[PDB]
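For reference, query.cif (mmCIF, C-alpha atoms and all ligand atoms):
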data_work
loop_
_atom_site.label_atom_id
_atom_site.label_comp_id
_atom_site.auth_asym_id
_atom_site.auth_seq_id
_atom_site.Cartn_x
_atom_site.Cartn_y
_atom_site.Cartn_z
CA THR A 17 0.00 0.00 0.00
CA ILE A 18 2.72 2.46 1.00
CA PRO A 19 4.74 3.63 -2.01
CA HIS A 20 8.43 2.72 -1.95
CA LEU A 21 10.78 5.33 -3.44
CA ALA A 22 14.52 5.20 -4.16
CA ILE A 23 15.01 8.95 -3.71
CA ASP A 24 17.93 9.76 -1.39
CA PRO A 25 17.06 12.98 0.44
CA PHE A 26 20.65 13.17 1.73
CA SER A 27 22.36 12.97 -1.70
CA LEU A 28 24.20 15.92 -3.23
CA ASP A 29 21.84 15.93 -6.22
CA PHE A 30 18.87 16.25 -3.91
CA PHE A 31 20.57 19.10 -2.01
CA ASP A 32 21.35 20.80 -5.29
CA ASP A 33 17.70 20.96 -6.22
CA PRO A 34 15.23 19.37 -3.86
CA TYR A 35 11.99 20.75 -5.18
CA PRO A 36 11.08 18.32 -7.93
CA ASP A 37 11.87 15.29 -5.76
CA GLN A 38 9.84 16.86 -2.95
CA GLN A 39 6.82 17.13 -5.23
CA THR A 40 7.40 13.47 -6.17
CA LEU A 41 7.46 12.56 -2.46
CA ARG A 42 4.28 14.58 -1.74
CA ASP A 43 2.34 13.32 -4.72
CA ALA A 44 3.24 9.64 -4.16
CA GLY A 45 1.05 9.60 -1.07
CA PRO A 46 0.65 10.89 2.49
CA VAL A 47 3.28 8.39 3.72
CA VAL A 48 6.15 6.90 1.73
CA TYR A 49 8.87 4.38 2.44
CA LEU A 50 12.42 5.39 1.50
CA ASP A 51 14.27 2.16 0.57
CA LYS A 52 17.64 3.91 0.55
CA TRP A 53 17.64 4.32 4.36
CA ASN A 54 14.76 2.11 5.49
CA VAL A 55 12.69 4.92 6.96
CA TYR A 56 9.17 6.22 6.51
CA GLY A 57 8.78 9.66 4.91
CA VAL A 58 6.13 12.38 5.14
CA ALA A 59 6.43 15.40 2.85
CA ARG A 60 2.96 17.05 2.98
CA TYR A 61 2.10 19.81 5.43
CA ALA A 62 -0.79 17.91 7.05
CA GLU A 63 1.23 14.80 8.05
CA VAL A 64 4.37 16.76 9.02
CA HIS A 65 2.20 18.91 11.29
CA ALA A 66 0.45 15.85 12.72
CA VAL A 67 3.70 14.03 13.47
CA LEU A 68 5.25 17.09 15.15
CA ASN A 69 2.22 17.51 17.35
CA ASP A 70 2.07 13.92 18.59
CA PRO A 71 5.29 13.62 20.63
CA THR A 72 4.02 10.59 22.56
CA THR A 73 3.71 8.45 19.45
CA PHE A 74 6.53 10.16 17.49
CA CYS A 75 9.18 10.59 20.13
CA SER A 76 12.52 12.46 20.12
CA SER A 77 14.43 10.58 22.84
CA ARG A 78 15.48 7.87 20.41
CA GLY A 79 17.14 10.66 18.41
CA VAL A 80 15.95 13.11 15.75
CA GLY A 81 18.52 12.02 13.20
CA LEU A 82 18.60 8.67 11.37
CA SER A 83 20.33 6.87 14.23
CA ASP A 84 18.04 5.16 16.74
CA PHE A 85 19.57 5.64 20.17
CA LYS A 86 17.98 2.36 21.30
CA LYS A 87 20.10 0.60 18.63
CA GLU A 88 23.30 2.72 18.37
CA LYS A 89 25.35 4.90 20.67
CA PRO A 90 24.70 8.60 20.10
CA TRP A 91 27.81 10.35 18.70
CA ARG A 92 27.69 12.78 21.66
CA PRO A 93 25.74 12.65 24.92
CA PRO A 94 22.05 13.32 24.11
CA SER A 95 20.70 16.79 24.20
CA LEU A 96 18.60 17.34 27.34
CA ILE A 97 16.01 19.25 25.37
CA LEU A 98 16.03 18.30 21.66
CA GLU A 99 16.58 14.60 22.28
CA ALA A 100 14.27 14.33 25.30
CA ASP A 101 10.55 13.68 25.62
CA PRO A 102 8.00 14.95 28.12
CA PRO A 103 8.21 14.93 31.07
CA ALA A 104 12.04 14.97 31.15
CA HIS A 105 11.90 17.57 28.38
CA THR A 106 9.69 19.99 30.23
CA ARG A 107 11.75 21.75 32.85
CA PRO A 108 14.88 22.16 30.71
CA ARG A 109 12.57 23.61 28.02
CA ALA A 110 11.19 26.02 30.61
CA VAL A 111 14.67 27.19 31.62
CA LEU A 112 15.79 27.90 28.07
CA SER A 113 12.47 29.60 27.43
CA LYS A 114 13.13 32.01 30.34
CA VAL A 115 16.80 32.51 29.40
CA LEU A 116 15.70 33.39 25.86
CA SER A 117 12.77 35.43 27.01
CA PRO A 118 11.00 38.59 25.83
CA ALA A 119 12.76 40.46 28.64
CA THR A 120 16.08 39.18 27.44
CA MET A 121 15.20 40.27 23.91
CA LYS A 122 14.31 43.71 25.26
CA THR A 123 17.78 43.92 26.83
CA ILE A 124 19.80 42.99 23.72
CA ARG A 125 17.65 44.41 20.91
CA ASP A 126 19.26 47.84 20.64
CA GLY A 127 22.77 46.37 20.51
CA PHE A 128 21.66 43.80 17.94
CA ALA A 129 20.15 46.58 15.82
CA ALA A 130 23.19 48.88 16.02
CA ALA A 131 25.42 45.96 14.99
CA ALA A 132 23.23 45.26 11.98
CA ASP A 133 23.15 48.92 10.86
CA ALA A 134 26.93 49.12 11.31
CA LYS A 135 27.50 45.95 9.30
CA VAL A 136 25.32 47.14 6.44
CA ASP A 137 27.07 50.54 6.49
CA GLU A 138 30.43 48.77 6.34
CA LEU A 139 29.38 46.53 3.47
CA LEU A 140 28.11 49.53 1.51
CA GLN A 141 31.64 50.97 1.66
CA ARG A 142 32.89 47.84 -0.08
CA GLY A 143 29.92 47.67 -2.44
CA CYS A 144 30.76 44.23 -3.84
CA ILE A 145 30.64 41.65 -1.05
CA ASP A 146 29.95 38.01 -0.38
CA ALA A 147 26.60 37.97 1.35
CA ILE A 148 27.42 34.69 3.08
CA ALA A 149 30.85 35.29 4.67
CA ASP A 150 30.51 39.03 4.88
CA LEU A 151 26.93 39.29 6.11
CA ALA A 152 25.04 36.07 6.85
CA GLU A 153 28.07 34.77 8.81
CA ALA A 154 29.66 38.03 9.91
CA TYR A 155 26.57 39.58 11.44
CA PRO A 156 25.58 36.61 13.73
CA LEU A 157 29.26 36.19 14.66
CA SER A 158 29.31 39.86 15.69
CA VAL A 159 26.38 39.54 18.12
CA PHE A 160 25.61 35.95 19.20
CA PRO A 161 28.90 34.76 20.74
CA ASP A 162 29.03 37.96 22.77
CA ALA A 163 25.41 37.49 23.81
CA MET A 164 26.33 33.93 24.89
CA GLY A 165 29.10 35.38 27.03
CA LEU A 166 31.86 33.51 25.17
CA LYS A 167 35.49 34.60 25.30
CA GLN A 168 37.16 35.76 22.07
CA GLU A 169 39.64 32.94 21.45
CA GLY A 170 38.34 29.76 19.83
CA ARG A 171 35.23 31.28 18.23
CA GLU A 172 36.42 29.95 14.88
CA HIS A 173 35.31 26.54 16.25
CA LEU A 174 31.66 27.53 16.41
CA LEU A 175 30.52 27.21 12.79
CA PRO A 176 32.49 23.96 12.24
CA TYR A 177 30.98 22.46 15.36
CA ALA A 178 27.51 23.44 14.17
CA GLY A 179 28.15 22.00 10.70
CA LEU A 180 29.22 18.81 12.44
CA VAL A 181 26.04 18.70 14.57
CA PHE A 182 23.77 19.17 11.63
CA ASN A 183 25.61 16.67 9.44
CA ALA A 184 25.51 14.11 12.28
CA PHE A 185 21.68 14.04 12.26
CA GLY A 186 22.00 12.59 8.78
CA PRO A 187 22.61 9.04 7.64
CA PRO A 188 26.11 7.59 7.73
CA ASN A 189 27.13 9.00 4.35
CA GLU A 190 30.42 10.69 3.53
CA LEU A 191 29.22 14.07 4.80
CA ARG A 192 28.50 12.59 8.21
CA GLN A 193 31.54 10.34 8.36
CA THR A 194 33.90 13.15 7.42
CA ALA A 195 32.35 15.56 9.90
CA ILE A 196 32.74 13.11 12.73
CA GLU A 197 36.32 12.25 11.90
CA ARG A 198 37.19 15.99 12.04
CA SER A 199 35.15 16.65 15.19
CA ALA A 200 37.57 16.30 18.08
CA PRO A 201 38.97 19.87 18.45
CA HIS A 202 35.60 21.51 17.87
CA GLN A 203 33.89 19.27 20.44
CA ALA A 204 36.65 20.00 22.96
CA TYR A 205 36.34 23.76 22.59
CA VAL A 206 32.54 23.74 22.84
CA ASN A 207 32.38 21.39 25.80
CA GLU A 208 34.93 23.53 27.65
CA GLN A 209 33.07 26.81 27.02
CA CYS A 210 29.95 25.22 28.56
CA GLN A 211 31.47 25.31 32.04
CA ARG A 212 30.25 28.10 34.35
CA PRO A 213 33.60 29.90 34.84
CA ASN A 214 33.95 30.35 31.07
CA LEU A 215 30.67 32.22 30.49
CA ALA A 216 30.70 35.98 31.05
CA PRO A 217 28.25 37.55 33.50
CA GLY A 218 24.90 38.62 32.02
CA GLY A 219 24.96 36.32 28.99
CA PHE A 220 22.78 33.41 27.96
CA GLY A 221 25.22 30.84 29.27
CA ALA A 222 25.60 32.45 32.68
CA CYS A 223 21.86 32.75 32.92
CA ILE A 224 21.48 29.02 32.30
CA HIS A 225 23.91 28.29 35.11
CA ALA A 226 22.10 30.78 37.38
CA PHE A 227 18.85 28.82 36.88
CA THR A 228 20.22 25.65 38.45
CA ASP A 229 18.70 26.15 41.88
CA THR A 230 14.99 26.40 41.16
CA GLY A 231 14.25 22.71 40.97
CA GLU A 232 13.99 22.86 37.17
CA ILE A 233 17.54 21.84 36.36
CA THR A 234 20.55 20.89 38.45
CA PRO A 235 24.07 22.30 38.10
CA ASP A 236 25.18 19.18 36.22
CA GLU A 237 22.53 19.80 33.54
CA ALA A 238 23.60 23.34 32.76
CA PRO A 239 26.69 22.58 30.63
CA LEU A 240 24.70 20.46 28.14
CA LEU A 241 22.01 23.15 27.95
CA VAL A 242 24.69 25.73 27.12
CA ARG A 243 25.82 23.10 24.59
CA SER A 244 22.37 23.26 22.99
CA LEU A 245 22.64 27.01 22.37
CA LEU A 246 26.16 26.61 20.99
CA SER A 247 24.91 23.87 18.70
CA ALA A 248 21.73 25.52 17.46
CA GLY A 249 22.13 29.22 17.96
CA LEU A 250 24.54 30.45 15.32
CA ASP A 251 24.49 28.38 12.11
CA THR A 252 20.69 28.34 11.88
CA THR A 253 20.58 32.14 11.89
CA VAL A 254 23.44 32.28 9.39
CA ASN A 255 21.42 30.26 6.93
CA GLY A 256 18.24 32.08 7.81
CA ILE A 257 19.76 35.49 7.12
CA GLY A 258 21.48 33.98 4.10
CA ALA A 259 18.11 32.75 2.87
CA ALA A 260 16.48 36.17 3.28
CA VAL A 261 19.21 38.02 1.42
CA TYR A 262 19.19 35.44 -1.41
CA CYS A 263 15.39 35.87 -1.62
CA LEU A 264 15.70 39.65 -1.78
CA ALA A 265 18.44 39.26 -4.39
CA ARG A 266 16.27 36.96 -6.52
CA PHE A 267 13.00 38.86 -6.09
CA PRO A 268 13.84 42.60 -6.58
CA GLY A 269 10.17 43.58 -6.49
CA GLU A 270 9.99 42.32 -2.91
CA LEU A 271 13.08 44.26 -1.95
CA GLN A 272 11.31 47.28 -3.37
CA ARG A 273 8.24 46.61 -1.20
CA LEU A 274 10.43 46.12 1.84
CA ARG A 275 12.23 49.44 1.20
CA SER A 276 8.87 51.18 1.01
CA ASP A 277 7.78 49.80 4.36
CA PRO A 278 10.63 48.71 6.62
CA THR A 279 8.13 47.45 9.20
CA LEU A 280 7.69 44.45 6.88
CA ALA A 281 11.17 43.33 7.92
CA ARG A 282 10.07 40.78 10.51
CA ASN A 283 7.61 39.12 8.12
CA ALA A 284 10.06 39.29 5.24
CA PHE A 285 12.45 37.20 7.34
CA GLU A 286 9.71 34.82 8.45
CA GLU A 287 8.79 34.27 4.80
CA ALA A 288 12.41 33.59 3.98
CA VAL A 289 12.40 30.90 6.67
CA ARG A 290 9.30 29.34 5.07
CA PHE A 291 10.65 29.66 1.57
CA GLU A 292 14.16 28.25 2.17
CA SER A 293 13.59 26.32 5.43
CA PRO A 294 17.18 26.40 6.78
CA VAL A 295 16.41 23.21 8.73
CA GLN A 296 15.13 20.95 5.94
CA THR A 297 14.45 17.60 7.53
CA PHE A 298 14.43 15.62 10.71
CA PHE A 299 13.22 12.42 12.28
CA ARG A 300 10.99 11.00 14.96
CA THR A 301 10.83 7.42 16.21
CA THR A 302 7.49 5.65 16.68
CA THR A 303 6.88 4.37 20.22
CA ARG A 304 3.95 2.17 19.10
CA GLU A 305 2.05 0.92 16.09
CA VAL A 306 0.22 3.92 14.62
CA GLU A 307 -2.08 4.89 11.78
CA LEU A 308 -0.79 7.90 9.84
CA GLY A 309 -2.26 9.17 6.59
CA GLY A 310 -4.07 5.86 6.10
CA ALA A 311 -0.89 3.78 6.53
CA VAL A 312 0.22 1.55 9.41
CA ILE A 313 3.63 2.15 10.93
CA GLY A 314 5.07 -0.32 13.42
CA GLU A 315 6.79 0.42 16.72
CA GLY A 316 10.40 1.54 16.62
CA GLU A 317 10.40 2.97 13.09
CA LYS A 318 12.15 6.17 12.04
CA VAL A 319 9.96 8.75 10.33
CA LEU A 320 11.51 11.47 8.22
CA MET A 321 9.68 14.78 8.05
CA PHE A 322 10.36 17.16 5.17
CA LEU A 323 9.88 20.61 6.67
CA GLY A 324 10.94 22.47 3.55
CA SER A 325 8.44 20.45 1.53
CA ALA A 326 5.64 21.01 4.02
CA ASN A 327 6.44 24.70 3.68
CA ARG A 328 5.98 24.48 -0.09
CA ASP A 329 2.97 22.14 -0.16
CA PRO A 330 0.30 23.62 -2.49
CA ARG A 331 -2.30 21.79 -0.40
CA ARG A 332 -1.60 24.34 2.32
CA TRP A 333 -0.04 27.34 0.57
CA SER A 334 -1.20 29.53 -2.26
CA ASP A 335 1.72 30.03 -4.73
CA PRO A 336 4.16 28.30 -2.38
CA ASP A 337 7.10 28.79 -4.74
CA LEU A 338 6.74 32.57 -4.62
CA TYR A 339 8.57 34.71 -2.05
CA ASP A 340 5.91 37.09 -0.68
CA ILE A 341 6.88 39.33 2.22
CA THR A 342 3.25 40.12 3.02
CA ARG A 343 2.17 36.45 3.12
CA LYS A 344 0.33 35.21 6.18
CA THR A 345 3.21 32.95 7.24
CA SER A 346 1.62 31.86 10.50
CA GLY A 347 1.65 28.07 10.66
CA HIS A 348 4.77 27.30 8.63
CA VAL A 349 6.98 24.62 10.18
CA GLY A 350 10.43 26.16 9.55
CA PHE A 351 10.77 26.47 13.36
CA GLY A 352 8.95 23.21 14.02
CA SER A 353 5.61 22.92 15.79
CA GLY A 354 4.38 21.77 19.18
CA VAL A 355 6.39 21.06 22.31
CA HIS A 356 9.81 21.26 20.65
CA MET A 357 9.01 24.32 18.57
CA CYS A 358 12.21 26.37 18.35
CA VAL A 359 12.90 27.73 21.81
CA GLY A 360 15.41 30.18 20.28
CA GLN A 361 13.03 31.65 17.70
CA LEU A 362 12.90 35.07 19.40
CA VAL A 363 16.66 35.40 18.94
CA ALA A 364 16.42 34.18 15.36
CA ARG A 365 13.61 36.56 14.50
CA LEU A 366 15.39 39.43 16.25
CA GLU A 367 18.60 39.03 14.25
CA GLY A 368 16.61 38.52 11.05
CA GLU A 369 14.36 41.52 11.59
CA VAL A 370 17.09 44.04 12.48
CA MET A 371 19.27 42.90 9.57
CA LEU A 372 16.43 43.20 7.07
CA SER A 373 15.49 46.54 8.66
CA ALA A 374 19.05 47.80 8.01
CA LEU A 375 18.85 46.56 4.43
CA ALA A 376 15.40 48.13 3.93
CA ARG A 377 16.63 51.56 5.07
CA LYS A 378 20.12 51.63 3.56
CA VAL A 379 20.16 49.58 0.36
CA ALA A 380 18.58 50.41 -2.99
CA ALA A 381 19.50 47.23 -4.87
CA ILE A 382 21.01 43.78 -4.31
CA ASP A 383 22.39 42.23 -7.49
CA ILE A 384 24.06 38.87 -7.74
CA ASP A 385 27.36 39.55 -9.52
CA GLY A 386 29.24 36.30 -9.34
CA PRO A 387 28.87 32.51 -9.19
CA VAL A 388 26.54 31.29 -6.49
CA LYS A 389 27.86 28.26 -4.61
CA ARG A 390 25.71 25.98 -2.47
CA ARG A 391 26.86 24.48 0.83
CA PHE A 392 26.00 20.81 1.29
CA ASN A 393 24.90 19.55 4.70
CA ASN A 394 22.69 16.62 5.67
CA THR A 395 20.26 18.85 7.58
CA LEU A 396 20.87 22.50 6.64
CA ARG A 397 20.04 24.27 3.40
CA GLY A 398 22.04 27.34 2.52
CA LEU A 399 24.78 28.82 0.40
CA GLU A 400 28.54 28.73 0.61
CA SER A 401 28.96 31.91 -1.36
CA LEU A 402 26.62 34.65 -2.64
CA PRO A 403 28.47 37.43 -4.44
CA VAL A 404 26.37 40.57 -4.59
CA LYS A 405 26.75 44.20 -5.37
CA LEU A 406 24.95 46.44 -2.88
CA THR A 407 23.71 49.83 -4.16
CA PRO A 408 23.14 52.44 -1.45
CA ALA A 409 19.82 54.17 -1.11
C1 LIG A 501 16.38 30.69 11.52
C2 LIG A 501 16.92 30.13 12.60
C3 LIG A 501 16.41 28.81 13.22
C4 LIG A 501 15.71 27.80 12.67
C5 LIG A 501 15.21 27.67 11.22
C6 LIG A 501 15.51 26.79 13.70
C7 LIG A 501 14.82 25.61 13.56
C8 LIG A 501 14.44 24.78 14.59
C9 LIG A 501 13.52 23.66 14.50
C10 LIG A 501 12.82 23.16 13.23
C11 LIG A 501 13.41 23.11 15.71
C12 LIG A 501 12.53 21.89 16.07
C13 LIG A 501 13.35 20.62 16.15
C14 LIG A 501 12.48 19.46 16.53
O1 LIG A 501 11.25 19.64 16.60
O2 LIG A 501 13.01 18.34 16.74
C15 LIG A 501 14.25 23.87 16.62
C16 LIG A 501 14.42 23.61 17.96
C17 LIG A 501 15.37 24.20 18.76
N1 LIG A 501 16.10 25.35 18.46
FE1 LIG A 501 15.90 26.46 16.73
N2 LIG A 501 16.09 27.25 14.86
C18 LIG A 501 16.67 28.47 14.61
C19 LIG A 501 17.36 29.25 15.50
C20 LIG A 501 17.71 28.92 16.78
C21 LIG A 501 18.42 29.76 17.72
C22 LIG A 501 18.92 31.17 17.37
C23 LIG A 501 18.57 29.06 18.86
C24 LIG A 501 19.24 29.43 20.21
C25 LIG A 501 19.58 30.67 20.55
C26 LIG A 501 17.93 27.77 18.66
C27 LIG A 501 17.83 26.74 19.58
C28 LIG A 501 16.96 25.68 19.50
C29 LIG A 501 16.82 24.68 20.53
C30 LIG A 501 17.58 24.61 21.87
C31 LIG A 501 15.77 23.71 20.05
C32 LIG A 501 15.26 22.48 20.82
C33 LIG A 501 13.91 22.91 21.41
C34 LIG A 501 13.19 21.74 22.01
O3 LIG A 501 13.51 20.57 21.68
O4 LIG A 501 12.25 21.98 22.80
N3 LIG A 501 17.40 27.73 17.39
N4 LIG A 501 14.87 24.89 15.91
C1 LIG A 502 17.94 18.56 12.38
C2 LIG A 502 16.87 17.92 13.18
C3 LIG A 502 16.80 18.53 14.51
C4 LIG A 502 16.41 19.94 14.50
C5 LIG A 502 17.58 20.87 14.72
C6 LIG A 502 17.25 22.19 15.35
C7 LIG A 502 18.49 22.88 15.80
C8 LIG A 502 19.07 22.30 17.06
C9 LIG A 502 20.25 21.70 17.10
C10 LIG A 502 20.77 21.20 18.26
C11 LIG A 502 20.10 21.27 19.45
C12 LIG A 502 20.60 20.75 20.77
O1 LIG A 502 19.88 20.74 21.74
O2 LIG A 502 21.74 20.37 20.84
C13 LIG A 502 18.89 21.88 19.40
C14 LIG A 502 18.40 22.35 18.23
CL CL A 503 30.00 17.78 21.60
#
Could you take the file, read its structure, and then write that structure out as structure tokens?
Amino acid sequence: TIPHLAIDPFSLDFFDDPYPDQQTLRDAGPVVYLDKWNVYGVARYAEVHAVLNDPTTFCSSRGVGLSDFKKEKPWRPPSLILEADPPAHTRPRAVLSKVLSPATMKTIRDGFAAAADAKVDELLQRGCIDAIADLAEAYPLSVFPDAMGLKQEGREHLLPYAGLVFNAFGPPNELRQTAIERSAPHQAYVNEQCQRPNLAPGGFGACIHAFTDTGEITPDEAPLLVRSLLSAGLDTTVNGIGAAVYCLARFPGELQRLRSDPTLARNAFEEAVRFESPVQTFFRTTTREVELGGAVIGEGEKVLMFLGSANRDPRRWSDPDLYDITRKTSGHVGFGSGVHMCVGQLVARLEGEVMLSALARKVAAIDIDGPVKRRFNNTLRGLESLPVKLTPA
């Protein structure tokens, strides 16, 4: 009954252009079986949304990558939040939710905004820049490590460690194998910065450690929760901002709308997250036999959810393949959905908004003026290089 497909969603050809294969996956049926990796697949909005919102049946504690922690050893100690289920999930989720709170956003917003204006002003002096290294990477690097309370030395380890994390969710292909074999120095740096003495007062990391006395987490849980922010908190935003700039570069009419109303900045970033879905895919593991989209899935099966595909499903979206900065984006799954829905989304949206605000106010045009290169990663979608000429307003 369930269609079997030979599509490899973790192959370079798929990364290079996923959209036709995603339509093939959607149109084959609500649930598919991927013979390449022996996992179930769901690529339509309805089923992706359903799976995300049933954490009891589709659990995370057996891992959200291909590997089933009940069968294999996780490559690093499990995340206490991403790779945990309720109830163990709940209090660590609460702590990170308060660390990354509206009040915290209120404290850092003006610095985040100044840094974005300054970056755009600096890039306009150069004119011809690489929007990945010089903007999508440089801006988050200029605010997030400091907000974490990290020291200066060793920050070069952060993006490699994140690339490693996101590749390690994937199957054991060459991307994953190579990342792991290169991992040791990046892991060592990150794990050491997670210790209380190494996190500057006032920052996210220190605030996690300060929350170890409330009965929500214990002091021995705080380093791995800092580890979560150092895993998730930089590279995601890099590819998110990268996405938004690429969208503005490819859809000049939308840049023109954004210039005319800079208050559209926050939604213009949200749409870019829908449209490019920086985090493309991840897994759940079934804890029981379950009926999903008319198909029966046994206990202990991995299920692969295509977030980027759900975000382009014409069953849910009008003109999904158009970038529309005034779209009602509410309900997209680029940040997940349900109990694990991105706990860092206020930081993400803050960085995204103030960068696109700076662009809206200072830039007249964004023209690609060189070869675009894609970056391949088992989990993340984004570019290696985006040469653009910026014209000042
Ligand atoms: C555009 C940027 C981002 C995107 C697209 C993104 C995407 C996601 C998605 C899809 C999930 C759900 C994973 C799941 O359900 O298994 C998630 C969870 C999470 N994200 Fe984000 N994220 C972004 C930025 C950030 C930032 C800036 C931080 C930290 C400062 C962060 C930290 C986390 C953490 C700790 C979780 C686990 C939450 C939980 O399991 O309850 N993310 N993210
Ligand atoms: C790729 C499938 C999982 C979704 C990834 C979201 C980003 C993220 C990474 C790592 C951690 C962590 O807790 O370590 C938390 C979130
Ligand atoms: Cl690690």
Name the residues, by chain letter and number, that sit within 8 Å of ligand CL 503 (chain A) using all atoms listed in the file, and give them as JSON, numbers by chain. {"A": [92, 93, 177, 202, 203, 204, 206, 207, 243]}
Point (13.0, 4.7, -3.0) neighbourhood (9 Å, all atoms listed in the file) written as a PyMOL selection string: chain A and resi 19-24+48-53
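For segment 332-349 of chain A, the set of protein, DNA and RNA residues having any atom at most 7 Å away, when counting only C-alpha atoms and skipping those fewer than 4 positions along the same chain, is residues 61, 263, 270, 280, 283, 284, 286, 287, 290, 291, 323, 327, 328 and 353 of chain A.
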Please provide the set of residues having any atom within 7 Å of segment 245-255 of chain A, restricted to only C-alpha atoms, with same-chain residues fewer than 2 positions apart removed, written as JSON, numbers by chain. {"A": [152, 153, 156, 160, 175, 178, 181, 241, 242, 243, 257, 258, 259, 294, 364, 398]}
Six-sided padding of 6 Å per side, axis-aligned box over ligand LIG 501 (chain A), centre and edges in Å, one decimal, as lines of an AutoDock Vina configuration file:
center_x = 15.4
center_y = 24.8
center_z = 17.0
size_x = 20.3
size_y = 24.8
size_z = 23.6
Report the distance between atom CA of residue 395 of chain A and atom CA of residue 296 of chain A in Å, rounded to one decimal place. 5.8 Å
Which is closer to residue 125 of chain A than all the others in A:99, A:70, A:367, A:292, using only C-alpha atoms?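 Of A:99, A:70, A:367, A:292, the one nearest residue 125 of chain A, counting only C-alpha atoms, is A:367.
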With distances taken over only C-alpha atoms, which residue among A:307, A:331, A:393, A:302 lies nearest residue 190 of chain A? A:393
Would you kindly return, as a list in words, each protein, DNA or RNA residue with an atom no farther than 10 Å from any atom of residue 141 of chain A, considering only C-alpha atoms and excluding same-chain residues fewer than 6 positions away? residues 406, 407 and 408 of chain A
For C-alpha atoms, I'd like the residues from the last selection saved as a tab-separated table (two decimals), in the frame of the given file.
chain	number	residue	atom	x	y	z
A	406	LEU	CA	24.95	46.44	-2.88
A	407	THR	CA	23.71	49.83	-4.16
A	408	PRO	CA	23.14	52.44	-1.45
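Distances here use only C-alpha atoms and all ligand atoms; by that measure, the residue among A:352, A:71, A:81, A:387 closest to ligand LIG 501 (chain A) is A:352.
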Choose the residue, out of A:69, A:158, A:401, A:54, that has the smallest atom-to-atom separation from residue 261 of chain A; count only C-alpha atoms. A:401
What does the structure give for the distance between atom CA of residue 88 of chain A and atom CA of residue 188 of chain A, in Å to one decimal? 12.0 Å
